[PDB]
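S.K.: upload-v3.pdb is reproduced below (PDB, C-alpha atoms).
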```pdb
MODEL        1
ATOM      1  CA  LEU G 212      20.433   2.243  39.002  1.00  0.00           C
ATOM      2  CA  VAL G 213      21.723   4.568  36.292  1.00  0.00           C
ATOM      3  CA  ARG G 214      25.483   3.929  36.015  1.00  0.00           C
ATOM      4  CA  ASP G 215      25.750   0.493  34.385  1.00  0.00           C
ATOM      5  CA  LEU G 216      23.813  -2.701  33.764  1.00  0.00           C
ATOM      6  CA  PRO G 217      22.522  -4.212  37.031  1.00  0.00           C
ATOM      7  CA  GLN G 218      23.633  -7.717  37.946  1.00  0.00           C
ATOM      8  CA  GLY G 219      20.668 -10.052  37.600  1.00  0.00           C
ATOM      9  CA  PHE G 220      18.819 -12.513  35.407  1.00  0.00           C
ATOM     10  CA  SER G 221      15.981 -11.481  33.101  1.00  0.00           C
ATOM     11  CA  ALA G 222      14.546 -13.226  30.057  1.00  0.00           C
ATOM     12  CA  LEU G 223      13.574 -11.459  26.829  1.00  0.00           C
ATOM     13  CA  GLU G 224      10.025 -12.190  25.710  1.00  0.00           C
ATOM     14  CA  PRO G 225       9.204 -12.453  21.998  1.00  0.00           C
ATOM     15  CA  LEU G 226       7.073  -9.668  20.559  1.00  0.00           C
ATOM     16  CA  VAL G 227       6.278 -10.366  16.892  1.00  0.00           C
ATOM     17  CA  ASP G 228       7.580 -12.159  13.804  1.00  0.00           C
ATOM     18  CA  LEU G 229       7.474 -10.394  10.448  1.00  0.00           C
ATOM     19  CA  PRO G 230       7.380 -12.202   7.072  1.00  0.00           C
ATOM     20  CA  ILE G 231       9.543  -9.810   5.059  1.00  0.00           C
ATOM     21  CA  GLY G 232      12.510 -11.626   3.527  1.00  0.00           C
ATOM     22  CA  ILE G 233      15.061  -8.891   2.769  1.00  0.00           C
ATOM     23  CA  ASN G 234      18.845  -9.107   2.931  1.00  0.00           C
ATOM     24  CA  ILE G 235      20.304  -7.020   5.762  1.00  0.00           C
ATOM     25  CA  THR G 236      23.945  -6.191   6.493  1.00  0.00           C
ATOM     26  CA  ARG G 237      24.029  -2.899   8.416  1.00  0.00           C
ATOM     27  CA  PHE G 238      21.807  -0.565  10.411  1.00  0.00           C
ATOM     28  CA  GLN G 239      21.674   2.774  12.196  1.00  0.00           C
ATOM     29  CA  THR G 240      19.547   4.138  15.017  1.00  0.00           C
ATOM     30  CA  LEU G 241      17.139   7.053  14.719  1.00  0.00           C
TER      31      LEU G 241
ATOM     32  CA  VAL V 512      -8.263  -8.848 -13.771  1.00  0.00           C
ATOM     33  CA  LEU V 513      -6.283 -10.733 -11.134  1.00  0.00           C
ATOM     34  CA  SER V 514      -2.632 -11.762 -11.431  1.00  0.00           C
ATOM     35  CA  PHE V 515      -1.100 -13.908  -8.713  1.00  0.00           C
ATOM     36  CA  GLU V 516       2.623 -13.821  -7.974  1.00  0.00           C
ATOM     37  CA  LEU V 517       5.328 -15.838  -6.244  1.00  0.00           C
ATOM     38  CA  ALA V 520       9.735 -14.869  -0.244  1.00  0.00           C
ATOM     39  CA  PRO V 521       7.424 -15.689   2.682  1.00  0.00           C
ATOM     40  CA  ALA V 522       4.043 -16.806   1.367  1.00  0.00           C
ATOM     41  CA  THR V 523       1.373 -14.842   3.188  1.00  0.00           C
ATOM     42  CA  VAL V 524      -1.931 -14.777   1.262  1.00  0.00           C
ATOM     43  CA  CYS V 525      -3.940 -17.969   0.768  1.00  0.00           C
ATOM     44  CA  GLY V 526      -7.313 -19.515   1.454  1.00  0.00           C
ATOM     45  CA  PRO V 527      -8.653 -20.362   4.882  1.00  0.00           C
ATOM     46  CA  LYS V 528      -8.539 -23.642   6.710  1.00  0.00           C
ATOM     47  CA  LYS V 529     -11.610 -25.488   7.989  1.00  0.00           C
ATOM     48  CA  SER V 530     -11.297 -26.519  11.622  1.00  0.00           C
ATOM     49  CA  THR V 531     -12.973 -29.824  12.427  1.00  0.00           C
ATOM     50  CA  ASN V 532     -14.507 -30.954  15.719  1.00  0.00           C
ATOM     51  CA  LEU V 533     -12.492 -32.000  18.766  1.00  0.00           C
ATOM     52  CA  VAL V 534     -13.129 -35.524  20.067  1.00  0.00           C
ATOM     53  CA  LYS V 535     -11.314 -36.612  23.228  1.00  0.00           C
ATOM     54  CA  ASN V 536     -11.147 -39.706  25.451  1.00  0.00           C
ATOM     55  CA  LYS V 537     -10.569 -41.808  22.317  1.00  0.00           C
ATOM     56  CA  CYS V 538      -7.556 -43.207  20.470  1.00  0.00           C
ATOM     57  CA  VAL V 539      -7.617 -40.837  17.493  1.00  0.00           C
ATOM     58  CA  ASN V 540      -5.343 -39.288  14.846  1.00  0.00           C
ATOM     59  CA  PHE V 541      -4.864 -35.645  15.806  1.00  0.00           C
ATOM     60  CA  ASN V 542      -3.453 -32.711  13.849  1.00  0.00           C
ATOM     61  CA  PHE V 543      -2.974 -29.299  15.496  1.00  0.00           C
ATOM     62  CA  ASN V 544      -1.412 -26.956  12.918  1.00  0.00           C
ATOM     63  CA  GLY V 545       0.923 -29.701  11.693  1.00  0.00           C
ATOM     64  CA  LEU V 546       1.378 -31.700  14.916  1.00  0.00           C
ATOM     65  CA  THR V 547       0.649 -35.261  13.781  1.00  0.00           C
ATOM     66  CA  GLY V 548       0.373 -38.338  15.965  1.00  0.00           C
ATOM     67  CA  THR V 549      -1.841 -40.978  17.526  1.00  0.00           C
ATOM     68  CA  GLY V 550      -3.092 -40.986  21.096  1.00  0.00           C
ATOM     69  CA  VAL V 551      -5.865 -40.203  23.553  1.00  0.00           C
ATOM     70  CA  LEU V 552      -6.624 -36.562  24.334  1.00  0.00           C
ATOM     71  CA  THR V 553      -7.738 -35.430  27.781  1.00  0.00           C
ATOM     72  CA  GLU V 554      -8.102 -32.229  29.776  1.00  0.00           C
ATOM     73  CA  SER V 555      -4.988 -30.769  31.395  1.00  0.00           C
ATOM     74  CA  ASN V 556      -4.478 -28.418  34.341  1.00  0.00           C
ATOM     75  CA  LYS V 557      -1.015 -27.265  33.231  1.00  0.00           C
ATOM     76  CA  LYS V 558      -0.249 -23.555  32.843  1.00  0.00           C
ATOM     77  CA  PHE V 559       1.326 -22.804  29.484  1.00  0.00           C
ATOM     78  CA  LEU V 560       2.974 -19.442  29.024  1.00  0.00           C
ATOM     79  CA  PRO V 561       0.905 -17.037  26.886  1.00  0.00           C
TER      80      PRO V 561
ENDMDL
END
```
Using C-alpha cells, write down the structure that the file contains.

M.R.:
Amino acid sequence: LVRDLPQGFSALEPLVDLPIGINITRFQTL
Amino acid sequence: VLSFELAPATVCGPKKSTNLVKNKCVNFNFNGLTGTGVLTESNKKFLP
C-alpha cells in the first residue's frame, strides 16, 4: 500500500537507550 | 593528573560476578533483583 497507513496491529521494538540528559523542547527533520 | 567530575553516571569500576548455585534455598541478586528462593532450569522463551 502507498496511499495511507494500513489497518493492522504492529508493535514497536526498542532499539537503544542513550544516557545523555539534555533538555529538549523542539526538533526538525533533516 | 586525573580530575573526576559529577547527569547520567556512566564511567565506574567493574563488578565481580560470583558463581551460580541452584537447587538450593539461596539469596540471589541479578543486577539488583533481590529475593530468597530456589533456582532451577527453565524452558521458557524470553524475548531477546

S.K.: Starting from the displayed file, determine the output of the PyMOL selection byres ((chain V and resi 521) around 8) and express the residue list as a PyMOL selection string.

M.R.: (chain G and resi 230-232) or (chain V and resi 520+522-523)

S.K.: Kindly resolve the ChimeraX specification (/V :<12) & /G on the present coordinates and return the residues as a PyMOL selection string.

M.R.: chain G and resi 224-226+228-234

S.K.: Using C-alpha atoms, can you export the residues from the last selection as a short mmCIF file (atom, residue, chain, number, x, y, z; two decimals), in the frame of the given file?

M.R.:
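Heads up, here's the output in out.cif:
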```
data_model
loop_
_atom_site.label_atom_id
_atom_site.label_comp_id
_atom_site.auth_asym_id
_atom_site.auth_seq_id
_atom_site.Cartn_x
_atom_site.Cartn_y
_atom_site.Cartn_z
CA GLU G 224 10.02 -12.19 25.71
CA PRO G 225 9.20 -12.45 22.00
CA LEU G 226 7.07 -9.67 20.56
CA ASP G 228 7.58 -12.16 13.80
CA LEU G 229 7.47 -10.39 10.45
CA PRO G 230 7.38 -12.20 7.07
CA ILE G 231 9.54 -9.81 5.06
CA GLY G 232 12.51 -11.63 3.53
CA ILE G 233 15.06 -8.89 2.77
CA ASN G 234 18.84 -9.11 2.93
#
```

S.K.: Quick one: residues within 10 Å of residue V:543, all atoms listed in the file, excluding same-chain residues fewer than 4 positions away - as an mmCIF file with C-alpha atoms, in the coordinates of the input?

M.R.:
```cif
data_model
loop_
_atom_site.group_PDB
_atom_site.id
_atom_site.type_symbol
_atom_site.label_atom_id
_atom_site.label_comp_id
_atom_site.auth_asym_id
_atom_site.auth_seq_id
_atom_site.Cartn_x
_atom_site.Cartn_y
_atom_site.Cartn_z
ATOM 1 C CA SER V 530 -11.297 -26.519 11.622
ATOM 2 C CA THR V 547 0.649 -35.261 13.781
ATOM 3 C CA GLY V 548 0.373 -38.338 15.965
#
```

S.K.: Any idea what the distance is between atom CA of residue V:553 and atom CA of residue V:537?

M.R.: 8.9 Å

S.K.: With 5 Å of padding per side, what axis-aligned box (centre and edge lengths, Å, one decimal) covers all the listed atoms of stretch 224-240 of chain G? Give it as JSON.

M.R.:
```
{"center_x": 15.2, "center_y": -4.2, "center_z": 14.2, "size_x": 27.8, "size_y": 26.6, "size_z": 32.9}
```

S.K.: Show which residues sit within 8 Å of residue V:551, as an mmCIF file with C-alpha atoms, in the frame of the given file. Count all atoms listed in the file, and ignore same-chain residues fewer than 5 positions away.

M.R.:
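part_34.cif, freshly written:
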```cif
data_model
loop_
_atom_site.group_PDB
_atom_site.id
_atom_site.type_symbol
_atom_site.label_atom_id
_atom_site.label_comp_id
_atom_site.auth_asym_id
_atom_site.auth_seq_id
_atom_site.Cartn_x
_atom_site.Cartn_y
_atom_site.Cartn_z
ATOM 1 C CA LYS V 535 -11.314 -36.612 23.228
ATOM 2 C CA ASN V 536 -11.147 -39.706 25.451
ATOM 3 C CA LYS V 537 -10.569 -41.808 22.317
ATOM 4 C CA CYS V 538 -7.556 -43.207 20.470
ATOM 5 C CA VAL V 539 -7.617 -40.837 17.493
#
```

S.K.: For atom CA of residue V:552 and atom CA of residue V:533, determine how far apart the two atoms are, in Å to one decimal place.

M.R.: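 Taking atom CA of residue V:552 as the start and atom CA of residue V:533 as the end point, the length is 9.3 Å.
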
S.K.: Can you tell me how far atom CA of residue V:529 sits from atom CA of residue V:542, in Å to one decimal?

M.R.: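 Pair atom CA of residue V:529 / atom CA of residue V:542 returns 12.4 Å.
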
S.K.: Taking all atoms listed in the file into account, name the residue in V:525, V:561, V:531, V:514 that is nearest to residue V:544.

M.R.: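 Result for the nearest residue to residue V:544: V:531.
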